[PDB]
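Here's a solo chain for you in structure tokens, the form deposited without the RNA.
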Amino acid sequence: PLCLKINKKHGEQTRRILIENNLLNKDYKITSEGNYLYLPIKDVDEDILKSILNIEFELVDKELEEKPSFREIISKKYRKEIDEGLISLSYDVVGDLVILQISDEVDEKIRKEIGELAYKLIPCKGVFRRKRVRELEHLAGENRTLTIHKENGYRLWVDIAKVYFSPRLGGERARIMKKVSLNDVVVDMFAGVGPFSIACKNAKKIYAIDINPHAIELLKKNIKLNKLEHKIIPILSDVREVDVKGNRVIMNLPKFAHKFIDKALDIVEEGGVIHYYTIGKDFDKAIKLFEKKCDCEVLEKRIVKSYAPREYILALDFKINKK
């Protein structure tokens, strides 16, 4: 498939950089031919790669070997419509449930068939598909949308019909989890059911804020389940109206975080850190927004996942030196 071609002397270094940026397509075998290394890579453009690599490279097409199924079967049977949107090969597994990406236009009993296949080939108790928190269409197995998801050693109650939750962000949450220091006071601006907040358990105090009450209900259940009731303070409100202070501030709202930077700088103490999440073709825009608003330094930046062609969800840790 799509591969990143580089001189093999840079092999291990490039592999590591692709893994941290969720770009390594682990379903293929990195292959070495001649003095070149070919790394199977996920959807990405040459321009943004230049912001995470200083060596020369080439993106190319190439057959490579791999490291029942579902993705296997659906891919051929419905390749017709899949090939044109209707159906996606990508799906999410939140705890006990599976959520397919069937942009319905596909018949209903056709949707039940796929869900049924999924239910059959994928260990789960329920299968749904969708259409921000959107309405779900049940397609097989148990019809319960409430489940518990395990990640990074902790547990999270999630009701997929009520709040937004991406299991794909477990890696990014684990990254932050390890940077947290004992004396930190964390402000999780858009907490959902509390994933970053539970992840930041090393801190001495955490403020978990969200405007969705069901989200806050799951948050509370999660604070208890993980035994962090004397650590995490749940807050039902629009974050703009909350007056709290912290040295570590999390902004997990990609599409609109840019509209909340002023509030974030008001919460953050100087010398503190803001973990910003945004959508972009690269890191330039976000850096500029922050550079104009205060004196800061980027400490680490990562591509989190793809959003659409030449569009990605990005993470940047900004150290705020002076406001």
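Take the two forms, superpose them, and find the largest set of C-alpha atoms that agree within 1.5 Å; that set is the rigid core. The first residue of the sequence shown is number 1, and the count goes up from there.
The same protein also has a form solved in complex with the RNA, omitted here; what follows describes it.
Interface membership of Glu105, defined by any non-hydrogen atom within 4.5 Å of the RNA in the bound PDB entry, is ruled out.
Contact check for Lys150: a heavy atom falls within 4.5 Å of the RNA in the bound PDB entry. For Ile30, a non-hydrogen atom is located within 4.5 Å of the RNA in the bound PDB entry, even though that partner is not displayed. For the chain shown alone, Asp92 is a contact residue for the RNA in the bound PDB entry, at least one non-hydrogen atom being within 4.5 angstroms.
Three-residue candidate spot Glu20, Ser69 and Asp83; every residue lies within 4.5 angstroms of the RNA in the bound PDB entry by at least one non-hydrogen atom. The contact with the RNA in the bound PDB entry, taken as any heavy atom within 4.5 Å, belongs to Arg130 out of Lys77, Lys201, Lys245, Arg130. With the RNA omitted here, the record of contacts in the bound PDB entry names 97-105 of 204-212, 97-105, 180-188, 136-144, defined by a heavy atom within 4.5 Å. In the bound PDB entry, the RNA lies within 4.5 angstroms of at least one heavy atom of each of the following residues of 11-34: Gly11, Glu12, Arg15, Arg16, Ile19, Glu20, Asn22, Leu24, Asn25, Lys26, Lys29, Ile30, in sequence order.
Just one of the listed positions, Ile267, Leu37, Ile279, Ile261, moves its Cα by at least 2 Å between the shown form and the other one when the rigid core is held fixed, and it is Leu37.
When two forms of a protein are overlaid on their rigid core, residues whose CA moves 2 Å or more are considered shifted, and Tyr154 is not one of them between the shown form and the other one. The rigid-core alignment places the CA of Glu116 less than 2 Å apart between the shown form and the other one. The two forms, fitted on the rigid core, differ between the shown form and the other one by 2 Å or more at the CA of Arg79.
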